[PDB]
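See below for the structure under consideration.
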Amino acid sequence: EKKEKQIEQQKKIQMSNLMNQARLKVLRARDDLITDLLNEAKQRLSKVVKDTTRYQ
Amino acid sequence: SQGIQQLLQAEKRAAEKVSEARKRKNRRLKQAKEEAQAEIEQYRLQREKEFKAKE
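Here the protein sequences line up with chains I and M, keeping their order.
Just so we're aligned: the first sequence equals residues 58 to 113 in the deposited numbering.
Just so we're aligned: the second sequence equals residues 5 to 59 in the deposited numbering.
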């Protein structure tokens, strides 16, 4: 029963770590998306630098 | 009389048989702790197979 509790605890650790990796994937994706707004804002600013009237 | 002699010999054999039976059955009662191991090891093996199936 102690050995069985240890294996059930290892199963529960694996389930917990799998859910943790899922949450960390979801969060990494949110950051990647906001980072692509930052990248696109850099691109938009680079286009604005070619508008010599507004850029002046 | 030969009748009481023969009767006392049968009565003596009877007393010996029950006294020897007591000693035999007392020795058999001591074996219970040694014979118990055959079931104890089967319970270990049953829990071990169940544990492997849970893994």
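No residue lacks a Cβ here, since even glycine has one placed at the ideal position from N, Cα and C.
Limits of the alpha helix (DSSP H) - the one that residue i falls within
{"i": "residue 88 of chain I", "result": "59-107"}
{"i": "residue 23 of chain M", "result": "6-58"}
Whole-Å CB distance - residue i paired with residue j, under 8 Å assumed
{"i": "residue 64 of chain I", "j": "residue 54 of chain M", "result": "That belief does not hold up - the Cβ atoms of residue 64 of chain I and residue 54 of chain M are roughly 11 Å apart, past 8 Å."}
Any non-hydrogen atom of the ligand SAM within 7 Å of residue i CB
{"i": "residue 108 of chain I", "result": "Inclusion of the ligand SAM in the displayed structure is not the case, the ligand content being empty and no account of it being possible."}
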